[PDB]
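Asker: Pasting a structure here, questions to come.
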Amino acid sequence: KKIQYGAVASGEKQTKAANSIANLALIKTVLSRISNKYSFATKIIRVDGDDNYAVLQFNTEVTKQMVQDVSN
Amino acid sequence: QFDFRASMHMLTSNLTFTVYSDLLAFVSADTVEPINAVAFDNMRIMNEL
Numbered sequence: 582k583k584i585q586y587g588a589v590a591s592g593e594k595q596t597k598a599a600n601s602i603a604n605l606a607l608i609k610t611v612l613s614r615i616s617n618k619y620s621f622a623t624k625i626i627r628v629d630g631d632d633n634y635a636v637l638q639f640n641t642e643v644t645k646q647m648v649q650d651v652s653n
Numbered sequence: 839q840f841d842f843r844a845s846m847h848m849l850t851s852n853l854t855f856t857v858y859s860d861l862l863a864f865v866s867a868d869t870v871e872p873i874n875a876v877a878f879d880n881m882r883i884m885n886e887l
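So, in structure tokens, the structure goes:
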């Protein structure tokens with residue numbers, strides 16, 4: 582069975598040096614679109630393949646609604 | 839004796855309040871960029887190179 586699969590190939594030499602590019606350059610974009618509603622100032626964006634975190638520092642104290650409306 | 843007419847009273851208070859306990863939940867402070875952080879004299883702290 583020959584299945585067409587044009588996506589990324591986990592198993593190249595490239596599979597970790599370009600999972601840290603393609604995931605940093607993705608989350609640098611999705612952190613730009615949520616700044617139309619909440620104005621913040623991001624501090625670090627650490628990325629490890631898929632698994633990444635990105636600390637956001639706000640103006641006010643973080644409440645139970647800014648956590649819910651960023652996760653949404 | 840329970841003299842009724844001499845024992846009523848008119849209790850005068852207000853109509854409505856809105857009691858707020860904590861006040862610094864309203865302001866939202868910021869900080870300028872810490873390389874432009876100014877001491878009590880108007881040069882900057884950690885100025886040297």
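Chains A and G, in that order, give the protein sequences. Counting from 582, one number per residue, gives the positions in the first sequence under the entry's author numbering. Counting from 839, one number per residue, gives the positions in the second sequence under the entry's author numbering. Just so you know, even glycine gets a beta-carbon here, dropped at the ideal spot from N, CA and C.
1. Would you check if the distance between the CB atom of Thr623 of chain A and the CB atom of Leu612 of chain A is smaller than 8 Å?
2. Return yes when the Cβ of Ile608 of chain A is within less than 8 Å of the Cβ of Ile626 of chain A, no when it is not.
3. Confirm, please, whether the CB-CB distance from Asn604 of chain A to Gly630 of chain A is below 8 Å.
4. Considering only C-alpha positions, which residue in the set A:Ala635, A:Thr641, A:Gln646, A:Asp650 is nearest to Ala606 of chain A?
5. So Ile883 of chain G is in the beta strand (DSSP E); what residue range does that whole segment cover?
6. Below 8 Å between beta carbons: does that hold for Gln638 of chain A and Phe621 of chain A?
7. Have a look at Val628 of chain A and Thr610 of chain A and give me their C-alpha separation to the nearest angstrom.
8. Let's see if you can read the secondary structure: which residues bound the alpha helix (DSSP H) around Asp629 of chain A?
9. Return yes when the Cβ of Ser866 of chain G is within less than 8 Å of the Cβ of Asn640 of chain A, no when it is not.
10. Less than 8 Å between CB atoms is the rule here; does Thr623 of chain A satisfy it with respect to chain G?
11. So, helix, strand or coil for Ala606 of chain A, using DSSP?
Answerer: So, from the data block:
1. In this structure, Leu612 of chain A lies closer than 8 Å to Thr623 of chain A by Cβ.
2. In this structure, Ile608 of chain A lies closer than 8 Å to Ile626 of chain A by Cβ.
3. Yes, Cβ-Cβ distance for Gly630 of chain A and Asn604 of chain A is below 8 Å.
4. The shortest Cα separation from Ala606 of chain A among A:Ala635, A:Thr641, A:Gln646, A:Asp650 belongs to A:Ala635.
5. For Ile883 of chain G, there is no enclosing beta strand (DSSP E), since its DSSP letter is neither H nor E.
6. Yes; because the gap between Cβ atoms is below 8 Å, this pair is in contact.
7. Taking the CA atoms as reference points, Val628 of chain A sits about 14 Å from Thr610 of chain A.
8. Boundaries around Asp629 of chain A are those of the beta strand (DSSP E), 622-629, since no alpha helix (DSSP H) includes it.
9. A contact, by the Cβ cut-off of 8 Å.
10. Look at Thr623 of chain A: its C-beta is not under 8 Å from any C-beta on chain G.
11. Helix at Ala606 of chain A.
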